[PDB]
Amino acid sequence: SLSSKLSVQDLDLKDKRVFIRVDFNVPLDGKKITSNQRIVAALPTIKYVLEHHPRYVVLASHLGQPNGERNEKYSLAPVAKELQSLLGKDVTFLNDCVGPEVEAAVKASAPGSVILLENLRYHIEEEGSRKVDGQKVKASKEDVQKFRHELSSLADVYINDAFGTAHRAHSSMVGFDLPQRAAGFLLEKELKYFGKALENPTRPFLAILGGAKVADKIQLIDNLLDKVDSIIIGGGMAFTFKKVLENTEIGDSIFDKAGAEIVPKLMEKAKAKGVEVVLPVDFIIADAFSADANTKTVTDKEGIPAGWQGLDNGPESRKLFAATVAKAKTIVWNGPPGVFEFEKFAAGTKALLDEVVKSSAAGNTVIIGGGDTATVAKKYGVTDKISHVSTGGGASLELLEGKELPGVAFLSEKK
């Protein structure tokens, strides 16, 4: 159970050597943080720990893709400075995550110190491999164990707060053999929500899916079909389901050739489980993929003329989706119903967004788990209205498509 794991909140931190794997993978531009969102998100854990007077707090993370080689372009130095400002406490920055220098520095620290180590991925043994000439140069089991040995040396307790990496069995996610591997407030939140949704869902459990390709979400639908009561399929995804199941004439809309092969299968299953599949009955077409393109509403039956392409949810579909949402007690949403980047094609997304929020207002569990689906919530400033906007990215998907997460499995049980 994603929900049975140990929390930071259960740990006895006093005078302990705490190690926290955090997600400080922020965007840099010329060695400067374009977005400090991730640093800000990590603060609660860091602050809660510090209040219990640990001997010291070692923070580690990765940034960009150094590729197991020391590359200045992906140094965590800037991050160290932003955190010091944001935290309002000094942060010692070490040029590495392992070695005598680190050991020394760490050992000479003052109580309550906050050490941030250099980019874990400067070492090939973190990921356990490296790309050289396109091929995957794997690291030797001995070196991998050495690295994990050195890393663990620095701590007495281990806290994971990097959900975004929990789906990889990297040295920092699964190499800490301590008696207590706990969850940080950040990752606990993801575990609590996705936990309920996938374990004891308050039916009806609905799932809104949308976006561009169906091919990337084949494993997602399949698994969810064993879970949900009804599922809505919107966006550029729906065009494949409609041309296949209903012979709908789609114009120059998104068609996933490979995904069309599976559509009958997922549908057979949907029926098998008695899952209610809601699809778009009408769309807003455009003569070109641009904010300045001529629109025109058409429907299921009228179809879409050649040249034209549907870029948003039509009026009837909005009524249809609004209804479905309004009947659910648990909602997990990933993917916008239309090309919301353009105001002309933003109606469907807005309509849906309002409904979901209203459902959250009702006191229903709404879980956003999409990149652009979170951006939508941020844009309309409703983020605080959604029960949970996940930050797991690839980990969130994998979790939803069935997979068991190494970083999560490795944690201790509540006790």
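Note that residue numbering follows the sequence shown and begins at 1.
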Item checked: 139-147 set against 119-127, stretch whose average Cα temperature factor tops the other in the entry -> 139-147
Checklist line | Of 163-171 and 313-321, the stretch whose C-alpha atoms average the higher B-factor in the entry | finding: 313-321
Notebook entry, point to check: Per the PDB entry, which option out of 177, 82, 246, 343 has the greatest Cα B factor?
Noted result: 343
Margin query: According to the Cα B-factor stored in this entry, which of the following is highest: 105, 209, 87, 275?
Written below: 275
Margin query: Test of reading the entry: by CA B factor among the chain's modelled residues, which third contains residue 361?
Written below: highest
Note to self: Taking only the Cα B-factors deposited for this chain, tell me whether residue 14 sits in the lowest, middle or highest third.
What the structure shows: highest
Margin query: Could you place residue 337 in the lowest, middle or highest third of its chain by Cα temperature factor, using the values in the record?
Written below: middle
Margin query: Where does the C-alpha B-factor of residue 387 rank in its chain, lowest, middle or highest third?
Written below: highest
Margin query: What third of the chain does residue 133 rank in for C-alpha temperature factor, lowest, middle or highest?
Written below: highest
